[PDB]
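Asks: Please read through the structure below; I'll follow up with questions.
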Amino acid sequence: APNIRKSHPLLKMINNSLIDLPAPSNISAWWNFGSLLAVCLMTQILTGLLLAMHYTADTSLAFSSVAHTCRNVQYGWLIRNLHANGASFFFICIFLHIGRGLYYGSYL
Amino acid sequence: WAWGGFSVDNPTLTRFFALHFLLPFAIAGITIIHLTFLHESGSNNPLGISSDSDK
Amino acid sequence: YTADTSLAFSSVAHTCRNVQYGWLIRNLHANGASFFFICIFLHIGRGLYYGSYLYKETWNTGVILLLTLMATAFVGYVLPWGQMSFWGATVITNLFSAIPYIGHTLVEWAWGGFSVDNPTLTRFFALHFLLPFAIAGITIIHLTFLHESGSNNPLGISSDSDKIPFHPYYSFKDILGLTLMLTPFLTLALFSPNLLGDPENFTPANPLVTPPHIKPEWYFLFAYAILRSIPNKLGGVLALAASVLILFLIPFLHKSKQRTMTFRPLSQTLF
Amino acid sequence: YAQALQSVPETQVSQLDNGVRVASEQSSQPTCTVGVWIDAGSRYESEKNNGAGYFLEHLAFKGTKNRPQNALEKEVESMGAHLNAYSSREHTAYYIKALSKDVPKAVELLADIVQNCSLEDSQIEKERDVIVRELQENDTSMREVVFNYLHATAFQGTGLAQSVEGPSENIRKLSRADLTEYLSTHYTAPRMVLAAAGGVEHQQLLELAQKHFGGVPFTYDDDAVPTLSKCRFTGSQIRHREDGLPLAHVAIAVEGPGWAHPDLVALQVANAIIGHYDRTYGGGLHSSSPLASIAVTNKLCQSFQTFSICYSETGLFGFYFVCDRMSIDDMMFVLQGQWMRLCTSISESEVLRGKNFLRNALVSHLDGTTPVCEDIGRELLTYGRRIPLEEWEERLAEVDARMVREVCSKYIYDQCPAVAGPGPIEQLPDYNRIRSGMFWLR
Amino acid sequence: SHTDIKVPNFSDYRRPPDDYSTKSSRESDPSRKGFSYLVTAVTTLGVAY
Amino acid sequence: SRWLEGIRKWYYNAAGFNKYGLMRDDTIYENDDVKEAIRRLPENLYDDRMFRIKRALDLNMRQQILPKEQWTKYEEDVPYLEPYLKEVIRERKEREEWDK
Amino acid sequence: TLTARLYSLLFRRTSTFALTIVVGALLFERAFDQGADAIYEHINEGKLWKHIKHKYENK
Ligand code: HEM
Ligand code: HEM
Ligand code: HEM
């Protein structure tokens, strides 16, 4: 095929989900939360992974491993913050995401 | 049994940590299924009437 | 498990002596690592000699699967933190050191700070936990590309002539294989648990005692060999890197007018 | 209705000192039809005998010694009478239809055929090449080759497996003799029946027959009727593929009970439930026969037919659909699903109609003289006597739901079927699959 | 012409000893399925364990 | 000194693709050329090859070969596609050339 | 006619099959363990504590 973007087993997956994908024109701003929710996830998993790399899961080291991560690990403080606060960005969004659906009957 | 043995103590911090590390990937997994089912039909819209008229 | 220089080795030990059926679980996991490589090696093979590799995309991802499955198994063996876990990590990781210029700075960042110590056991543990899921992820892509074309076959000629529904047949076929291959796994796992495991790795890691004969797990040896084949430390790494990466070239070295090599006695012995 | 049945005249029957059974149904109709029905088919042939009975059919009319071709033909045409006939695997027959003012003449003509065919060594050689051709025409009728192939594999390795017409080799070489050999071996009074229906009165018939059928039995063999070797059914398939054809044909079936058996009624009632479809129907709303409805909603096929073809001591209870290269699977899926449904969760509302639809057939089974005669001819030959609509009624007027299930499941559930399929059948799943399509995941 | 076609012989060749013409295949097979399913019934059984 | 003809025959019987009953050409890997090539093949041959190829897959499926008698003899192997396959390739090189 | 009796009664109905896969399992477990243990222990007489026990618990 010509396009070579609609023939390839993988691109065809993308060009059919983030391009060429038929979306209504009148979509409201409330529909912006699925997106956010997804990127919200990419973000957590990232910061988290990167944060897990300095954590110790043991009654005697937990609390301080986190503390150490903040006082010692470069930009550690920022990473923890983003991850913690991110948890909330996550719920605020998931709650507005539910909402939109509850009142556009998206749930149908 | 959920947590360690008799009370939230070390044996549960571990399984919690593990669980915490695992679940997010399951979220992403399912999130794919979510969008799949979605894509089956179009995306809904504010006026709740067929969008086919112009996507 | 606990990922900390001071609790690692014993957390594992404790898991075996205290956690119900803990011993069995560890064994299965350890020995499983091998069942894994033995299979992945027979999987490569079959493809190399049925020219399965001509299905490029499905084959290239497969190479990525091998690389990934390796990494996850290198960083995973350190976890128990025994002499080999430690020394293996220290010698094999330090290798990058040969990479001129941006070398030392990589290793020196790769692991903790200045040498395989706590800050790296952690990131290794993390990495170990993450990669397997990436394997599964990619494994999906693998089968996707596969499914694009049919599945290749021994006589290397169009199968369209007569295909068969997977399930009624192959499901059964594979489950049979599963048991026929899983029985030795368990026999080994339950009778000679340490048959393939270095005893030196029963001694808590100690930086003041380098064991004699530091060598990675068997499934890595072949390359460890080709590594110490060329003296110039740099070239050595390259030989090592090329020992696996060559797989990416196989598809461009196919000349036979035939796919498999069933009817190719010469190359058959070469194989 | 019940009275209409009750007031339907009885069918007179009586055997001769010969062995022939003479039966009939007196009506009023100025017309009528009489003929003999033989206890002979291809089933009775050998690996080298096979085809005789058919080669024989193509000569039965071309003249007798008592009156050559030109004449026989002339004499029948001249009286406005119609002579026609056929031969299956276990049942052959020759019948004439005239004005019941000729029972005696017809009767004589009949006899003269089933007893003295010219078998002109010169005529034979002609029909020989007529069949070989006629056979190559029967061929492109993929609707028939399919059934043949079905029988072939269904009763593989047995007398039934052989097709009624026979191999080209046999036809290319059967001898003037073999034909005679086939005639004088199977056309005997004990196995034959002289039946009739019309304005004819039994007596005039009997006598007429008793007069032209002057056969005489000496030994005990002559007087006795030999039973055939049982035929082994076999759950198997046969696939004659060729994407070159416009569409595919499929036929699947389990072994049937056999005339004698009663259940052939309940079983006959079940088939009335799945019935049949055919693109010229008008009905996406067809009462039940979801197979038909579904066939319409999802465009599953060009047509299909449910059938309970049976024989002396065995039979075939199955179905056959004609479909496009691409809808073979779903069709089979959906249908095979109905058999299960049929014998696993049938309903009264269903069987009720089932019955009715049968009764309406059961009756139109006797619309005219020729057809009635066919029943008397058959009934006797296969059942032993005649079954009056009044009877068939009860038999199939007392079949409830639980009865259908019990039976269908008795003959269908988890049985190894026999499928056959010619045409573009790449999409038809393997045996194993259609096989496990024989048990419902209840 | 199709009339010219027979089904090869699986007799002996493959058929289990209860399968050779002039004898109802049906009286002997609820016994034939009984075996097979028994083998499968046993596997599901052993597997559960 | 040593006939390629002597050799070729050695290899033919060495390969063994005849114990399955299929011609040399029944084994050429189906790249783009062979695909065009086969599509030009007359119907006689196409169905012939089709069956052969399937009869081979079935043997192979059963782990059993064909009886010695039925083995195609070197000297009777019919290069049914090579003629075609050849024009296809030079037809192409002609184009691969012009477009430059 | 076990096999035949078996089919008719146990293997014909998808329902019946499963039901005997369970009852069949319970019975297989109980019997397979004892038997194995037995075989095991016997191949090890006087070595297991179950055997040495009495000496210290009195005897
Ligand atoms: C972390 C999980 C989630 C993510 C990442 C996610 C993601 C998405 C995405 C990408 C969209 C498309 C854009 C949109 O319509 O907003 C979507 C749609 C949808 N999601 Fe979610 N979702 C999540 C959770 C949920 C929850 C909790 C619900 C259910 C209560 C839900 C219900 C829906 C529905 C109904 C649609 C919208 C259809 C429409 O109105 O057009 N989602 N979601
Ligand atoms: C689904 C996304 C995630 C959510 C909703 C989430 C949420 C949280 C929460 C609530 C905290 C507590 C922060 C605090 O102490 O105040 C946390 C901590 C933590 N999470 Fe996540 N997390 C997610 C994913 C991850 C993942 C996948 C990792 C890494 C693999 C991770 C690793 C950790 C670690 C190590 C901590 C401990 C360090 C700390 O709390 O500062 N998180 N996470
Ligand atoms: C953990 C990773 C892997 C898994 C789970 C995996 C899985 C599979 C699966 C499910 C199949 C189908 C059955 C078969 O043909 O064997 C397959 C096919 C294939 N895999 Fe992999 N694979 C893995 C690694 C690899 C590697 C390392 C290579 C490449 C060097 C590879 C090459 C192929 C190819 C070419 C096919 C076979 C096509 C054929 O001959 O029919 N796979 N793999």
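The numbers used for chain C are those of Swiss-Prot, and the residues that appear cover 56-326, in sequence.
For all residues, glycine too, the Cβ spot is worked out from N, Cα and C.
So Swiss-Prot says this about it:
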TRANSMEM  C:78-99  transmembrane segment
BINDING   C:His84, C:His183  heme b b562 binding site
BINDING   C:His98, C:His197  heme b b566 binding site
TRANSMEM  C:114-134  transmembrane segment
TRANSMEM  C:179-199  transmembrane segment
BINDING   C:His202  ubiquinone binding site
TRANSMEM  C:227-247  transmembrane segment
TRANSMEM  C:289-309  transmembrane segment
Asks: Between C:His84 (heme b b562 binding site) and C:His98 (heme b b566 binding site), how many Å separate their Cα atoms?
Replies: 20
Asks: Other than its own, how many Cβ atoms are within 10 Å of the Cβ belonging to C:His202 (ubiquinone binding site)?
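Replies: The Cβ of C:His202 (ubiquinone binding site) has 11 Cβ neighbours within 10 Å.
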Asks: Is the transmembrane segment (C:78-99) in contact with the transmembrane segment (C:227-247), using three or more Cβ pairs under 8 angstroms as the rule and ignoring pairs under 6 apart in sequence?
Replies: yes
Asks: Give me the CA-CA distance between C:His98 (heme b b566 binding site) and the residue listed as 'ubiquinone binding site', in Å, as a whole number.
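Replies: Just about 17 Å between their Cα atoms.
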Asks: Near C:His84 (heme b b562 binding site), how many other Cβ atoms are within 10 Å of its Cβ?
Replies: 11
Asks: Round to the nearest Å and give the CA-to-CA distance linking C:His197 (heme b b566 binding site) with C:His183 (heme b b562 binding site).
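Replies: It is 21 Å, counting Cα to Cα.
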Asks: Validating a neighbour-count step here. Other CB atoms within 10 A of the CB of C:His183 (heme b b562 binding site): how many?
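Replies: Around the Cβ of C:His183 (heme b b562 binding site), 19 other Cβ atoms lie within 10 Å.
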Asks: Report the member of C:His98, C:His197 (the binding-site residues) whose C-beta atom has the most other C-beta atoms within 10 angstroms.
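Replies: When each Cβ's neighbours within 10 Å are tallied, C:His197 leads.
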Asks: What is the separation, in Å, between the Cα atoms of C:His202 (ubiquinone binding site) and C:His183 (heme b b562 binding site)?
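Replies: About 29 Å separate the Cα atoms of these two residues.
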Asks: Go through the binding-site residues C:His84, C:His183, C:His202 and pull out the ones with a Cβ less than 6 angstroms from some atom of ligand 3.
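Replies: From C:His84, C:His183, C:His202, counting a Cβ under 6 Å from ligand 3 as near, there are none.
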Asks: Per DSSP, C:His98 (heme b b566 binding site) is which: helix, strand or coil?
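Replies: In the DSSP reduction, C:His98 (heme b b566 binding site) maps to helix.
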